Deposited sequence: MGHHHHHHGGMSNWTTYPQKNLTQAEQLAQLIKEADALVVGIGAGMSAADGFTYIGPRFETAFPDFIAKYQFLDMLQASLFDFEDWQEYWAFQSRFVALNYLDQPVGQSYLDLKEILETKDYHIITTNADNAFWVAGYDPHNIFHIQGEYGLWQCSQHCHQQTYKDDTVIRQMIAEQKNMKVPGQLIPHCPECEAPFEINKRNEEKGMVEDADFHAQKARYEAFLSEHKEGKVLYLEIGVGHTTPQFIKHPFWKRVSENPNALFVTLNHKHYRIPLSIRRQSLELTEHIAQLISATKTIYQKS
């Protein structure tokens, strides 16, 4: 039962059923498993101009790049926001996971910033977007702690850009200091704008953790890579260490070495995330 000859799906369905609570951490692998990829034809088709100019390898590298000027920044980012936030369709793995989680006491933390939880109909009170969202903007000088949005301006930038530049008059500026807006994103050097809504999410996530310091708590980590381990992977390892009755189950095909203090509490499930979540749902619902 509560331990880390069954298939991966069978094992995962058994653990979720037996769990007292789930703390679910979701990264980029879950969206890639549903087809929302950041390398290969999806990127090449969407950004052939930028790829030819800069030799970008992938769409995540491109989204972090320090572009030539704000006209170029917004030409790239407007198209990036439409692809990954305004028009990205619902993912089946998100729907399948939701059907499982709605039977459980759970909370989600994600380093993703796409629309996936919203088009799949998740309750925003149960999700912490710790790395912001592509649909939001912040002052580029971080001059005050408020986020903004304007999807109509995004569509105008897509329609009116030419030659990798938005017209200068379309660039949006902060009302407080007149610096250009930028996408709400976290930088190592500058941090992120963290407004009232961000803190309300963080408080809900911290309250759920405080209620589940004991018991059969399943720390379920889905598609979380190496990029920013301080937000999900490392804190999950620490929570599992601190609660000897917790379990760490990671859906991943890279075999990151688990800390000694959680070796007896850890399981790696390597099967393709979409197919694994689908198979687990079918077992779980009977």
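Unmodelled regions of the deposited chain, listed from N- to C-terminal end, are 1-12, 17-20, 303.
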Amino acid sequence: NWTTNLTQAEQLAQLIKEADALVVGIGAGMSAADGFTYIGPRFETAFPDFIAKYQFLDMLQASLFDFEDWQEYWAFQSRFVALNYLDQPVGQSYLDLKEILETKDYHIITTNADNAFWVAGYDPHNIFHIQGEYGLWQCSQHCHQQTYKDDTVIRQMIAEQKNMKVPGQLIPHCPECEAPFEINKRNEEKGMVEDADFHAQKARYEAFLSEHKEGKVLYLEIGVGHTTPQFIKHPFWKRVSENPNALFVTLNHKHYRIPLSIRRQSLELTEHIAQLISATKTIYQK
From here on, numbers count along this sequence of modelled residues.
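Relative to one another, 34-42 and 252-260 have unequal mean CA B-factors, and 252-260 is the one with the higher figure. Here 117-125 and 74-82 are compared by their mean Cα B-factor, and 117-125 comes out higher. By the numbers in the PDB entry, the CA B factor is greatest at 174 among 130, 209, 166, 174. Per the deposited coordinates, the residue with the largest Cα temperature factor out of 95, 158, 143, 200 is 143. Per-chain ranking of the deposited C-alpha B factor places residue 184 in the middle third. Ranked against the other modelled residues of its chain, the C-alpha B-factor of residue 66 as given in the entry falls in the highest third. In this PDB entry, residue 162 carries a Cα temperature factor that places it within the highest third of its chain's modelled residues. The PDB entry assigns residue 90 a C-alpha temperature factor belonging to the lowest third of its chain's modelled residues.
In the PDB entry, residue 233 places in the lowest third of its chain by CA B-factor.
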